[PDB]
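Tertiary structure, described
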Amino acid sequence: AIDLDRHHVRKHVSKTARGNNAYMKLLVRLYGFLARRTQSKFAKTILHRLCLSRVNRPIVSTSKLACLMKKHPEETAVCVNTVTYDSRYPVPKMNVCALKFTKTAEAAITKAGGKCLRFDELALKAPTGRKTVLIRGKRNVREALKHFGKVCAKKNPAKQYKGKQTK
Amino acid sequence: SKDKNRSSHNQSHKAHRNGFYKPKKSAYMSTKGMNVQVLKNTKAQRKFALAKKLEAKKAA
Amino acid sequence: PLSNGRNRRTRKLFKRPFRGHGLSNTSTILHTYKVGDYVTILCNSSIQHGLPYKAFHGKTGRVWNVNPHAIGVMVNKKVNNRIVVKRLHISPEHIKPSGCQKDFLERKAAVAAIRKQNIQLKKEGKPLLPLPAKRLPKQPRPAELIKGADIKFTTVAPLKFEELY
Amino acid sequence: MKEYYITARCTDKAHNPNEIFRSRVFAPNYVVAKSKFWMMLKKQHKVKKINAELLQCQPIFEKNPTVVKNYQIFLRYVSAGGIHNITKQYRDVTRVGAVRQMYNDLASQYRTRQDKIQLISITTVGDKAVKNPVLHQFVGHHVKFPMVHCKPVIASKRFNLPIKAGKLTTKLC
Amino acid sequence: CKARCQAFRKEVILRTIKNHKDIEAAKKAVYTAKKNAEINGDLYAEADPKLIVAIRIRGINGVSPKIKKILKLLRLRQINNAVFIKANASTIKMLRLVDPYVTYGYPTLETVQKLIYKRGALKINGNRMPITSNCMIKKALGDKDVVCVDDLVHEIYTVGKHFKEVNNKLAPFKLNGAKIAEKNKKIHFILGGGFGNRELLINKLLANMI
RNA sequence: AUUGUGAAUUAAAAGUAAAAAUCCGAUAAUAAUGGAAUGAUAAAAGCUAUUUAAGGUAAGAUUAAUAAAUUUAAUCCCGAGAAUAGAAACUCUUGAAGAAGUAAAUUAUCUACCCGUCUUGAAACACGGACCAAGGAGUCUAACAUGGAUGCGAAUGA
RNA sequence: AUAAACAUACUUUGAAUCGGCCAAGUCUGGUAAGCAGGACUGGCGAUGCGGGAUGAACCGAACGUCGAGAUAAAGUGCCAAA
RNA sequence: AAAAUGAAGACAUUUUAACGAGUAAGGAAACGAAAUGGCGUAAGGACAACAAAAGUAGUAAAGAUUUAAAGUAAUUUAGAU
């Protein structure tokens with residue numbers, strides 16, 4: 001035979017839309033077409049982020065969008081994830097393109113004079129991406145990450161899943 | 001029922017399947033336990049430089 | 001089956017060099033170590049206090065912190081299937097400056113001498129010098145001609161066996 | 001078996017680079033011949049391949065491969081006991097031919113494989129200097145013997161029939 | 001439009017003529033040096049070869065980890081696989097270490113020509129594409145000033161400036177079977193075996209192997 | 001005490017030092033003539049013919065000067081690119097009186113130790129198994145965690 | 001210098017497993033053992049194929065279903081292809 | 001694995017390249033370029049002659065015995081009694 005370091009195994013990268021969502025299937029069909037034809041790194045990025053699992057597409061709040069759009073007045077924030085609403089802080093005027101908008105987030109963005117776009121309108125208006133800012137939410141804020149590891153560790157102890165008689 | 005005590009057979013073959021995990025770069029850059037006076041000087045300048053950086057931000 | 005003492009199997013490792021007993025040179029305590037330097041850990045049995053563990057003997061490490069009496073050294077240690085970072089604090093008596101970068105610092109200096117000439121030469125507009133050639137493994141030597149005027153021949157043949165008794 | 005003429009020089013501190021080593025090496029090819037040459041240098045002059053340059057390696061062809069000569073070979077071989085020096089004589093028309101006989105003859109009479117024999121020298125001796133008990137009889141002028149019990153010869157493999165017809169016979173030949 | 005095909009064909013001829021000039025001119029210079037040295041009675045020392053072709057002789061079973069790594073560094077991962085290797089202190093020591101598993105020597109130009117023309121291939125986009133045109137060679141090695149198959153042959157034989165990049169693109173050759181040795185492949189070629197350094201005699205083996 | 005052979009060496013003649021045959025070295029390649037396995041059928045970056053001419057690096061040829069030359073000059077020859085024109089559609093045998101293939105039985109050459117399990121190792125002189133049918137063994141409730149799909153999101157559930 | 005993008009760095013969750021055995025240009029106890037125990041590596045276990053008549057470990061070589069060739073260990077009086 | 005094409009064709013697309021041994025063990029379902037592909041048993045909700053009589057059945061169901069066909073295989077299909 002042949003002395004290979006390792007045998008061929010499936011590459012651990014998603015290439016389609018997870019689940020049976022008919023609309024999310026068409027979005028991947030649209031951006032898989034755009035990235036192949038336009039050969040734009042922006043469409044390759046949006047296509048890749050559309051294929052992540054739900055846990056890997058964390059939310060972005062209106063407060064975080066406002067901070068990132070401060071020095072970008074006429075721009076379009078583009079986050080492939082649900083956009084929630086931070087009720088603690090005001091929402092300025094800005095245009096956001098996202099997969100889904102919370103009822104309160106959509107009201108707040110619209111009431112400020114902004115716009116809530118979907119990814120087909122963004123591809124229709126800015127296919128290769130010209131006045132957009134790519135944004136993704138934080139991943140390590142998940143509480144599940146606290147318990148990972150060994151809680152007896154000297155350096156970075158875990159968080160000891162609560163249970164029988166935990167003090 | 002005497003049994004074999006210990007053997008290092010096949011141990012190196014195991015340790016190299018997933019080879020020796022080198023530490024990342026951040027391991028070598030830790031500063032815990034440095035010289036006391038050196039940390040004081042570094043903290044003093046980082047506080048001075050940050051305040052100067054911040055007042056310009058407040059100015060504009 | 002050895003024991004688990006801190007200084008086991010050190011009859012030969014911790015022995016002082018032949019005719020090298022007593023005090024050490026004063027260069028050991030006078031040499032100045034700076035953070036980022038390369039040092040070699042060399043346990044000195046004559047100074048029992050602060051003796052580094054025998055597994056670090058002869059290991060080349062980097063200085064990461066300099067204290068009033070001790071020099072912090074950062075070396076690599078091998079564990080089950082990984083490599084960990086060990087940070088120590090040894091007195092200067094148990095370490096020694098390392099020459100691991102001795103020849104590298106000559107090549108760094110030679111290229112700097114050429115670069116300093118190149119900037120000047122470009123100021124006068126004259127052509128600039130080329131950088132020194134990189135080291136190569138011993139290359140196949142080229143063809144050559146040998147003048148036979150000063151050439152002598154000695155025949156080579158198997159030798160008749162002679163008894164050593 | 002072929003004979004080669006090999007020369008080389010040593011370029012280092014120990015040996016001055018104005019002294020050239022020569023040898024005449026018998027080997028099946030030039031690659032084997034060079035290996036014998038390098039071991040002679042290494043075991044007799046502390047010369048190694050990594051610090052020496054080969055110059056020439058040319059075959060030596062027999063000048064008149066039609067004249068019968070009595071060859072004498074001085075060799076040393078290693079047995080179970082120790083190391084001994086032997087002097088065997090062969091009658092052939094080529095130097096490489098005589099060495100081929102010597103290797104075959106030593107492997108049979110003494111059961112010594114080739115990698116125990118070092119050919120010190122091979123020369124040519126006179127007609128009356130042959131001392132081999134059997135070979136001494138064929139060096140005279142009036143050698144004459146009837147080869148009896150000849151098996152009949154076959155022109156080629158074409159006529160090598162398995163079963164023949166009629167009776168069989170040898171030849172007083 | 002497609003007028004570049006004629007210009008490309010002309011350009012290839014110009015390169016081919018130039019390459020054969022360099023090979024023949026260096027061949028002549030050596031020949032006269034030997035001739036003149038004999039006239040003067042002097043001694044002429046030939047230059048050591050700069051190119052080596054190595055063939056993997058044994059299987060993939062029963063190899064020490066040190067030997068296993070070296071054969072992977074030389075891309076000899078299969079029995080009856082030949083690659084071209086530069087000659088220096090590093091590689092010669094590496095080939096000595098794996099001597100029982102390889103046989104190697106110094107190829108001739110005709111050996112390089114036949115191997116590249118018949119068994120040649122290139123790694124394009126991770127695909128071992130066999131050589132069928134100069135356009136595929138121009139695409140892969142255009143940045144290295146190798147635009148036809150004769151630049152590929154000339155560069156390998158003379159070991160030019162871009163030998164590493166050209167050689168690393170050439171996929172390891174897959175060869176046939178042949179009579180490996182006289183006794184067996186368990187002894188060195190010096191003893192009449194199969195492995196080891198065969199010097200120029202590796203061309204006879206490669207003749208029955210290509 | 002006249003003569004014979006003779007390795008080796010030498011003179012003169014012949015010889016520009018490429019015939020053929022054999023041996024010793026070096027090689028194994030281009031080609032041709034017959035086949036085999038898997039295919040294809042189409043016209044060309046086929047092949048051929050006519051024009052000019054990049055080239056022929058020991059060696060396409062003849063010459064001359066000279067020569068242990070892959071040393072120089074001349075004029076003959078051929079000729080790559082390119083432009084212009086040319087050409088490939090076939091025979092025979094067998095088959096609903098059974099072709100090709102496939103299946104069953106028998107024969108012949110090669111080939112084949114008892115399944116399951118414990119075990120480093122069983123075809124084992126280790127254990128269960130006389131044969132057949134039907135039944136026959138990771139399920140349900142409850143708590144937690146990870147993970148993939150789902151709704152909503154400072155709320156979610158009610 | 002050489003190799004490396006289906007490279008590299010991983011993160012999470014989890015299965016089985018920790019009765020082993022053999023070889024040797026190796027070692028210790030023993031008179032010695034197809035004995036007991038170890039260092040390094042390759043194997044058998046988990047592994048069929050070609051050869052050694054037969055064989056867990058030896059030699060070549062590791063396996064999708066096939067056709068044609070050149071081979072390896074090793075062989076060429078008949079069984080048995082040469 | 002990478003390129004190309006992609007509302008429906010179809011054989012789970014087209015091309016190129018590398019690869020395919022294996023005990024214990026793992027790879028749940030769904031995921032158009034599909035994050036392994038499938039066969040079988042029984043029951044529940046649907047669909048099954050698109051023009052107002054809409055799957056098969058006394059012009060012979062299920063079952064049983066065999067003969068052939070499809071599938072690498074689990075199995076399926078059809079004829080005869």
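What counts as what
- Residues numbered from 1 in each chain as written, not as in the entry; some residues may be left out.
- Chains lettered and ligands numbered in written order.
- Part of a larger assembly, values for the part shown.
- Heavy atoms only, no water.
- Residues with missing side-chain atoms left out of burial classes, pairs and counts.
- Disulfide = S-S within 2.5 Å.
- Helix = DSSP H or I, 4+ residues; strand = E, 2+ residues; numbered from the N terminus.
- Buried < 20%, exposed > 50% of the residue type's maximum accessible area, 1.4 Å probe, protein only.
- Contact = heavy atoms within 4.5 Å.
- Buried area = accessible area lost by both parts, 1.4 Å probe.
- Salt bridge = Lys/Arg side-chain N within 4 Å of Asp/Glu carboxyl O.
- Polar contact = N/O pair within 3.5 Å; in protein donor to acceptor, adjacent residues only side chain to side chain.
- Near = heavy atom within 4 Å.
- Nonpolar A, V, L, I, M, F, W, Y, C, P; charged D, E, K, R; others polar.
- Core = buried A, V, L, I, M, F, W, Y, C linked by side-chain atoms within 4.5 Å.
- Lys, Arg positive; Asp, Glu negative; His and termini not counted.
- Pairing = 2+ DSSP bridges.
- Axes fitted to C-alpha atoms, helices over the stretch in contact; angles between N-to-C directions.
- Patch = residues over 30% accessible without salt bridge, like charges linked within 9 Å, V, L, I, M, F, W, Y side chains within 5 Å.
- Areas by Shrake-Rupley, 256 points an atom, 1.4 Å probe, with all protein chains shown as cover.

- Listed as the method for this PDB entry is cryo-EM; the listed resolution is 3 Å.

Side note on the state of the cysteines
Residue and element names in this part refer to chain D.
- In the structure shown here, the tally under the stated rule is 1 disulfide over all chains.
- Disulfide partner of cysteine 150: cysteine 173, at an S-S distance of 2.0 Å. Torsion about the S-S bond of the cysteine 150 and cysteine 173 cystine: about -60°, corresponding to left-handed handedness. One end of the pair, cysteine 150, is in the segment after β6 (117-125); the other, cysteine 173, is in the segment after β6, and 23 residues separate them in sequence.
- Classification of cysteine 173 by relative accessible area gives exposed; the value is 56%.
- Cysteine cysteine 10 is unpaired, with the sulfur of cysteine 57 as its nearest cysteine sulfur at 19 Å.

Remarks on unusual backbone geometry
- Phi is positive for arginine 19 of chain C, which is not a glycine, with a value near 55°.
- Within the secondary structure layout, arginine 19 of chain C lies in the segment before α1 (27-30).
- Within the chain, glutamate 199 of chain E stands out as a residue other than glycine whose phi angle is a positive 55°.
- If you trace the backbone, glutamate 199 of chain E turns up in strand β8 (residues 196-199).
- We classify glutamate 199 of chain E as buried; its relative accessible area is 13%.

Describing the interface of chain A and chain E
- Across the contact, 5 residues belong to chain A and 5 residues belong to chain E.
- Counting the surface lost from both chain A and chain E, the interface buries some 560 Å², and carbon and sulfur atoms represent 50% of this.
- It is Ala1, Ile2 and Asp3 of chain A in chain A that bury the most area against chain E; as a group they hold 86% of the surface buried on that side.
- The interface formed by chain A and chain E includes 0 salt bridges.
- Taken together, the connections running from chain A to chain E amount to 1 residue pair in polar contact.

Re the protein's contact with RNA strand F
- Around RNA strand F sit 32 residues in total, of which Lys100 and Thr104 of chain A, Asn64 of chain D together with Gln6 and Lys114 of chain E are the nearest.
- Considering RNA strand F, the proportion of its atoms within 4 Å of the protein that are sugar or phosphate atoms stands at 68%.
- One of the side-chain nitrogen or oxygen atoms of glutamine 6 of chain E is found 2.9 Å away from a phosphate oxygen of RNA strand F.
- Elements with a minimum of two residues in the surface near RNA strand F: β2 (76-84) and α4 (103-111) of chain A together with α1 (4-40) and α8 (202-209) of chain E.
- Sort the elements by how many residues they give to the surface near RNA strand F and α1 of chain E lands first, with 9 residues.
- Classifying every residue of the surface near RNA strand F by side-chain character gives 9 nonpolar, 10 polar and 13 charged.

Concerning the pattern of salt bridges
Residue and element names in this part refer to chain D.
- Counted under the stated rule, the structure contains 17 salt bridges over all chains.
- The residue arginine 24 makes a salt bridge to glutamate 3 at a minimum N-O spacing of 3.1 Å. With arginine 24 in strand β2 (residues 19-27) and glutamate 3 in strand β1 (residues 2-10), this residue pair connects regions lying 21 residues apart in the sequence.
- One salt bridge connects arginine 9 with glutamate 53, and the closest N-O pair in it is separated by 2.9 Å. Here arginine 9, found in strand β1, pairs with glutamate 53, found in strand β3 (residues 52-59); they are 44 residues apart in sequence, far enough to count as distant. Each member of the pair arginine 9 and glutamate 53 is classed as buried.

Brief notes about the protein's contact with RNA strand H
- The immediate surroundings of RNA strand H are formed by 18 residues, with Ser14, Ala17, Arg18, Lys25 and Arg36 of chain A found nearest.
- In RNA strand H, the atoms that sit within 4 Å of the protein are 64% sugar and phosphate, with bases accounting for the remainder.
- At a separation of 3.3 Å, a sugar or linking oxygen of RNA strand H approaches a polar side-chain atom of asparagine 20 of chain A.
- Between RNA strand H and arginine 36 of chain A there is a distance of 2.5 Å, counted from a base oxygen to a side-chain nitrogen or oxygen.
- Residue assignment for the surface near RNA strand H shows that the elements contributing at least two residues are α1 (22-38) of chain A together with β6 (127-130) of chain E.
- Across the surface near RNA strand H, the residue classes tally to 3 nonpolar, 7 polar and 8 charged.

A short note on the nonpolar core
- If you look at the biggest cluster of nonpolar residues, it comprises 33 residues, and the most contacted ones within it are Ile55, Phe84, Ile116, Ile137, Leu152, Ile156 and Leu206 of chain E.
- Listing elements by their share of this core, those giving two or more residues are β2 (51-56), β3 (81-86), α4 (109-119), α5 (134-141), α6 (149-158), α7 (163-169) and α8 of chain E.
- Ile6, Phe21 and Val25 of chain D together with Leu201 of chain E belong to the second-largest nonpolar core, a separate cluster that totals 20 residues.

So, the side chain of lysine 69 of chain D
Residues and elements named next belong to chain D.
- Locating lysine 69 in the fold gives a position in strand β4 (residues 69-78).
- The buried charged residue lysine 69 lacks any salt bridge partner; its closest oppositely charged side chain belongs to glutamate 62, at an N-O distance of 4.2 Å.
- Residue contacts for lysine 69: discarding those within four places in its chain leaves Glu62, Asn64, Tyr90, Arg91, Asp92, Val93, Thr94 and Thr124.

Comments concerning the pairing of β6 of chain E
All names here are of chain E.
- With 4 bridges joining them, strand β5 (residues 121-124) and β6 adopt antiparallel strand pairing. Across the sheet, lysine 123 pairs through a bridge with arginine 128, a residue of β6.
- What sits between the antiparallel neighbours β5 and β6 is a turn of 2 residues, in which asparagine 125 has the positive phi angle 55°.

Thoughts on the sheet that holds strand β5 (residues 83-92) of chain D
Residue and element names in this part refer to chain D.
- Strand order in the open sheet formed by 3 strands is β5-β4-β6, and the pairing between neighbours is antiparallel. Each edge of the open sheet is held by one strand with a lone partner, namely β5 and β6. The sheet shows a mean angle of 20° between the axes of neighbouring strands, taken without regard to direction.
- Inspection of the sheet shows β4 paired to β5 by 10 bridges, in the antiparallel sense. From the neighbouring strand, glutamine 72 faces β5, where its bridge partner is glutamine 89.
- Strands β4, β5 and β6 of the sheet are contacted by helix α2 (residues 95-109), whose axis makes an angle of about 130° with β5.

Digging into a nonpolar patch on the surface
- On the surface, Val134, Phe138, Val143, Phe145 and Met147 of chain D cluster together into a nonpolar patch covering about 490 Å² of accessible area.
- Along the chain, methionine 147 of chain D turns up in the segment after β6.

Remarks on the environment of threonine 32 of chain C
- Position of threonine 32 of chain C among the secondary structure elements: in the loop between α1 and β1 (38-41).
- When the C-alpha atoms of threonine 32 of chain C and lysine 147 of chain C are compared, they prove to be 56 Å apart, with 115 residues separating the residues in sequence.

Describing the interface of chain C and chain D
- On the side of chain D, 21 residues touch chain C, which itself brings 15 residues to the contact.
- Summing both partners gives a buried area of about 1800 Å² for chain C against chain D, and 56% of it is carried by carbon and sulfur.
- Where chain C meets chain D, there are 1 salt bridge.
- Note that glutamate 144 of chain C is salt-bridged to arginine 9 of chain D, the shortest N-O span being 3.0 Å.
- The interface formed by chain C and chain D includes 10 residue pairs in polar contact.
- Mapped by element, the contributors of at least two residues to the side of chain C that touches chain D are β6 (144-146) and β7 (152-155) of chain C.
- Ranked by residues supplied to the side of chain C that touches chain D, first place goes to β7 of chain C with 4 residues.
- Among the residues forming the side of chain C that touches chain D, the class breakdown is 8 nonpolar, 2 polar and 5 charged.

Remarks on the arrangement of the chains
- The assembly contains 5 pairs of chains in contact; the pair sharing the most contacts is chains C and D.
- Chain A makes no contact with chain B; the smallest distance between any of their C-alpha atoms is 10 Å.

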